[PDB]
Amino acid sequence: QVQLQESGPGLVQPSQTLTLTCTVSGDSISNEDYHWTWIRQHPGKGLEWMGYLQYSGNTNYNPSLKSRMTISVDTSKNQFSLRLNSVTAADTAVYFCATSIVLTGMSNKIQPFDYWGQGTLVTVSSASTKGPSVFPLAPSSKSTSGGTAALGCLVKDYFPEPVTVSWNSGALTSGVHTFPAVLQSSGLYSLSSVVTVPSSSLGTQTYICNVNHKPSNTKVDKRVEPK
């Protein structure tokens, strides 16, 4: 059992080289049992296997990508990496790192992918990054319904996707309402995040939305205080 984490999401310009890493925890990247794998999925489309690499140098690449891609290993950091040349809008996708394990002497293998990351969104665009403006959606008597009140954060005018929002550094999970982002006519995204909390907690409990926009290397912790 290994844990795999892709590098952060963000922008790459058309005709440039996409580069991603996957950091492996729990075992050594140099072990030959592991077939270090990359998989991608363009938003709204299907899954595409890109290939795998073993530390010996053995490779198996998707034939349509084999002259554009390289998988490599960095032993010092216990990482493997993806390099994709001359990218276009066709290469916009969520990229997942994964691995497949063959043990010496096994005769029955069930899982094509034994362990996997949860993917990272690479946007191929010539547009420029923009960090979000974050505004509080304050709880009032107009956002309170009976025992429970709604409050939130407005994450305004950012590019590209994705943005993640937590509340009180992840400690508050109950009542967190997730919403898709809107794509505005200007090319920028906005999203909202709302948590419903007990109305009686508003005077004493501090509420903070933790906004992460990794493509711009921006994080915002916004205090949301009652009106």
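One-based numbering along the sequence shown.
- Higher average CA B factor: 144 to 152, of the stretches 144 to 152 and 72 to 80.
- Comparing the deposited coordinates for 102 to 110 and 117 to 125, the stretch with the larger average C-alpha B-factor is 102 to 110.
- As recorded in the PDB entry, 171 shows the highest C-alpha B-factor of the residues 171, 39, 195, 165.
- When the Cα B-factors of 51, 160, 57, 175 are read from the PDB record, 175 comes out highest.
- Ranked against the other modelled residues of its chain, the C-alpha B-factor of residue 136 as given in the entry falls in the middle third.
- Among all modelled residues in its chain, residue 185 ranks in the highest third by Cα B-factor.
- In the deposited entry, the Cα temperature factor of residue 21 sits in the middle third of values across the chain's modelled residues.
- Sort the chain's modelled residues by C-alpha temperature factor and residue 202 lands in the highest third, per the entry.
- Per the deposited record, the Cα B-factor of residue 92 falls in the lowest third when ranked against the other modelled residues of its chain.
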